[PDB]
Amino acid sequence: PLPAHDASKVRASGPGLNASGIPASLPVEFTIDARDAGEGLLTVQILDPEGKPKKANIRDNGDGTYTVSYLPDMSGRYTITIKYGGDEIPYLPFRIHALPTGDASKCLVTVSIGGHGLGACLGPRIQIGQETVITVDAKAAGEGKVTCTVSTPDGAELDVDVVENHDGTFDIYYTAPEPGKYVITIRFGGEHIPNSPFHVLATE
């Protein structure tokens, strides 16, 4: 990379790097300032409290600064490594503590398919090729949001976008594309709701 850079002049700050911790289950952002660091590619790696990679979304603001956002779905410490032109910036890694909120044990689960409710709770089987709506009623759980991750039979872990209804309930829309074992993790305020993670088998 002939274009000169100096990663030691990059500065990072903002809510997503708060040394006092952040609330789990809420998306958060921070700013990376490379205006004095020359020209190079900015990369960010985030490891979650389980040591697994977490997506850091990077917005180039076109002025030498970047906005980075991530979703700490999980209580615990996240490990953030930032590189400019391939070189680590100072003071790495950032260790950011996502703190639990509310009472996940008060969340209730109902399931519906095609506009017909299967009543309460998520049994051990789901159907393939059929949109399934898992409603998490958190009206009694207090502070926090519902988050969801699905592991597919191939081993991939995918964060599912949870719809907030603003009445204390949250809807998880999922269509299982293939038969096999899925693991559906549902947290509220950073913590597993009752019976999560759900080990479910997708069937014809």
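Don't overthink the numbering: it's just position in the shown sequence, from 1.
S.K.: If you average the CA temperature factors over each stretch, which comes out higher, 26 to 34 or 156 to 164?
M.R.: Stretch with the higher mean C-alpha B-factor: 156 to 164.
S.K.: Going by the mean C-alpha B-factor recorded in the entry, which is higher: 114 to 122 or 100 to 108?
M.R.: It is 114 to 122 that shows the higher mean C-alpha B-factor.
S.K.: Can you tell me which third, lowest, middle or highest, the CA B-factor of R11 falls into for its chain?
M.R.: Within its chain, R11 is a middle-third residue by C-alpha B-factor, going by the deposited values.
S.K.: Is the Cα B-factor recorded for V133 in the lowest, middle or highest third of its chain?
M.R.: Answer is lowest: the recorded C-alpha B-factor places it there.
S.K.: What third of its chain, lowest, middle or highest, does the C-alpha temperature factor of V183 fall into?
M.R.: Within its chain, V183 is a lowest-third residue by C-alpha B-factor, going by the deposited values.
S.K.: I80's Cα B-factor: lowest, middle or highest third of the chain?
M.R.: Middle third by C-alpha B-factor.
S.K.: Of the three thirds of its chain by CA temperature factor, lowest, middle or highest, which one includes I193?
M.R.: According to the entry, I193 has a C-alpha B-factor in the chain's lowest third.
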